[PDB]
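Secondary and tertiary structure notes
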There are 2 protein chains.
Amino acid sequence: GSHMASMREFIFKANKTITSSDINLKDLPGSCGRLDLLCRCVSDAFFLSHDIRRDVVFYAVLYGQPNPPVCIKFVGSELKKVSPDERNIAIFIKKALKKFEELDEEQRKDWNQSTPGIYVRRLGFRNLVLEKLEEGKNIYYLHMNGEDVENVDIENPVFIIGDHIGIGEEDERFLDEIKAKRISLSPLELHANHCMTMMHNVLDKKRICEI
Amino acid sequence: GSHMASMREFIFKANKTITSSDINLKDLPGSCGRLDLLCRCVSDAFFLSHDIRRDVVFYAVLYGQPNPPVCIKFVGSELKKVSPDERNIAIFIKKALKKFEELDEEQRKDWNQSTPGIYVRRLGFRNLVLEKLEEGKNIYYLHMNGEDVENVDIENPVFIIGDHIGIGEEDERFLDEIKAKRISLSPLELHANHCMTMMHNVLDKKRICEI
Ligand SMILES: [Mg+2]
Ligand SMILES: [Mg+2]
Ligand SMILES: [Mg+2]
Ligand SMILES: [Mg+2]
């Protein structure tokens, strides 16, 4: 074995997801701007059968009205009292957005914990990716026309996952500029949350041959 | 290519999921008996990015109080007005259970449509599996100690997926008896809904090399 372990980190850009705590739990998809999708991504990033993945960090950058961008960071090793269902996760996200509302613009420059393992910050998608590059991460863009993941060595990863409409031409230009490596998990276009499930499975299996 | 296509069919045994329409949407996991899990399984069985999988049939057999068993059958090619979020699916399941409540015991011997593509019937797990065997299906049991799916030819499949506690010693005996083939998708124990995602991905990829 190589005995190499690394954090699995994901960034999901939520193009339209609501950025105030004024959340209608009864319309997560419509009035909340596909908040349901974001909740499933959180669920799929962390939850196993009788456990939570302690090596995962998940970042969501929300661009919906009225206060974008808001970045919410979930740290698997620290999360308490989150369960895999959308309603529970949505309430945790509501709490995070409420915390963000209580902070001034200076305070929002930093990560601010709302509940254990959940932090909010004024941070956009590109600045977040830059910050990860400076830490030494490799950026991988999960995109259906990328290299077959089967053949790529993955090291110190940050996985980028777009939503229903996607990252957009602007941010693709940017990923191209910083040399993000595109990887494919499937011949079909999947929901963002399915990508994370596939990506975890790829890494779980490599762990068996290689580490 | 072989030009071979087949229906992808799944059976999920929901050990504790509620069997009346008296459903608390605000406690899908607790008072509904892990109804949230069943909803995610439905979601993951059917939904792609800009589509629904028309070659899938999903069966759920619910064993929770007060009227078990209830079998709900979802037919991908027929579903209308279902979206991927748990709340929407839970309401469709509520409707199905309401339909079941309105039928007498004789009427429950047959499939009874509640909403397009959704049918309810008094049918237990074993009788359902028997019925599928008699139709010519091969039964595959997704179980973490099974053969690596990579190496198994899959033909005319019905995939069995247990829940959080699992199929149970009784029904395992039965699957052993009828010679169900056990297949593994992962070195880790996953949520039932993740199995379906992995299983779809395996089939989508084979479709590319072989069909
Ligand atoms: Mg690792
Ligand atoms: Mg950071
Ligand atoms: Mg097929
Ligand atoms: Mg039938």
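Residues numbered from 1 in each chain as written, not as in the entry; some residues may be left out. Chains lettered and ligands numbered in written order. Heavy atoms only, no water.

Method information in the entry identifies X-ray crystallography as the source of the structure, with 1.55 Å recorded as the resolution.

As named in the PDB entry, chain A is UPF0217 protein MJ1640, taken from Methanocaldococcus jannaschii. Note on chain A: under the UniProt heading Subcellular location, the record states "Cytoplasm". (UniProt positions renumbered as here; feature names shortened; annotations may be inferred.)

Turning next to the sheet that holds strand 4 (residues 56-62) of chain B. Residues and elements named next belong to chain B. The 8 strands are arranged 6-7-5-4-1-9-8-10 in an open sheet whose pairing can be described as mixed. The sheet is open, and its two borders are formed by strand 6 (112-115) and strand 10 (181-184), each paired with just one other strand. Taken pair by pair, the neighbouring strands of this sheet meet at an average axis angle of 30 degrees, ignoring direction. Here strand 5 (residues 70-75) runs beside strand 7 (residues 118-121); their pairing, made up of 4 bridges, is antiparallel. Within strand 7, the position partnered with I72 by the bridge is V120. (Pairing = 2+ DSSP bridges. Helix = DSSP H or I, 4+ residues; strand = E, 2+ residues; numbered from the N terminus. Axes fitted to C-alpha atoms, helices over the stretch in contact; angles between N-to-C directions.)

As a further point, take the pattern of salt bridges. According to the stated counting rule, one finds 36 salt bridges over all chains in the structure shown. Between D171 of chain B and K13 of chain B there is a salt bridge, and its shortest N-O distance comes to 2.7 Å. In this pair, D171 of chain B is assigned in helix 4 (residues 168-177) and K13 of chain B in strand 1 (residues 8-14), connecting sequence segments 158 residues apart. On the basis of relative accessible area, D171 of chain B is assigned to the buried category, the value being 4%. For the salt bridge of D36 of chain B with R40 of chain B, the shortest nitrogen-to-oxygen distance reads 2.9 Å. Of the two residues, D36 of chain B and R40 of chain B both sit in helix 1 (residues 35-46), 4 residues apart, roughly one turn of that helix. In this pair, the class of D36 of chain B matches that of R40 of chain B, namely buried. Three or more residues joined by partner-sharing salt bridges are found here, namely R8, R53, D55 and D204 of chain A. (Salt bridge = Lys/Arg side-chain N within 4 Å of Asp/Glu carboxyl O. Buried < 20%, exposed > 50% of the residue type's maximum accessible area, 1.4 Å probe, protein only.)

Our next topic: the nonpolar core. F46, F58 and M199 of chain A together with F46, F58 and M199 of chain B are the most contacted members of the largest nonpolar core, which has 108 residues in total. Sequence-distant contacts of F58 of chain A, that is, excluding residues within four places in its chain, are made with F10, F12, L38, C41, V42, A45, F46, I72, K73, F74 and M196 of chain A. (Core = buried A, V, L, I, M, F, W, Y, C linked by side-chain atoms within 4.5 Å. Contact = heavy atoms within 4.5 Å.)

Right, let's talk about the interface of chain A and chain B for a bit. Listed as interface residues are 32 residues of chain A and, on the opposing side, 32 residues of chain B. Buried surface at the junction of chain A and chain B, both sides included, amounts to about 2,800 Å², of which 56% is carbon and sulfur. Along the contact surface separating chain A from chain B lie 0 salt bridges. The tally of links between chain A and chain B comes to 7 residue pairs in polar contact. With 8 residues, the single largest contributor to the side of chain A that touches chain B is helix 5 (residues 192-210) of chain A. The residue makeup of the side of chain A that touches chain B, split by class, is 11 nonpolar, 9 polar and 12 charged. (Buried area = accessible area lost by both parts, 1.4 Å probe. Polar contact = N/O pair within 3.5 Å; in protein donor to acceptor, adjacent residues only side chain to side chain. Nonpolar A, V, L, I, M, F, W, Y, C, P; charged D, E, K, R; others polar.)

As a further point, take the packing of helix 3 (residues 125-134) of chain A against helix 4 (residues 168-177) of chain A. Residue and element names in this part refer to chain A. Following both chains from N to C, one finds helix 3 and helix 4 inclined at 15 degrees, their axes separated by 11 Å at the closest point. Between helix 3 and helix 4, the interaxial angle falls into the category roughly parallel. Crossing of helix 3 over helix 4 shows right-handed handedness. Touching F125, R126, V129 and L130 of helix 3 are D171, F174 and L175, all from helix 4. (Parallel < 35°, antiparallel > 145°, perpendicular 65-115°, else oblique. Left-handed = near helix turned anticlockwise from the far one by under 90°.)

Our focus in this paragraph is helix 1 (residues 35-46) of chain A. Its 12 residues give helix 1 of chain A an end-to-end C-alpha distance of 17 Å, which sits within 8% of 16 Å, the value for a rise of 1.5 Å per residue. Restricting attention to buried positions, one finds in helix 1 of chain A the residues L35, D36, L37, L38, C39, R40, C41, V42, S43, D44, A45 and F46 of chain A. (Expected span 1.5 Å × (residues − 1).)

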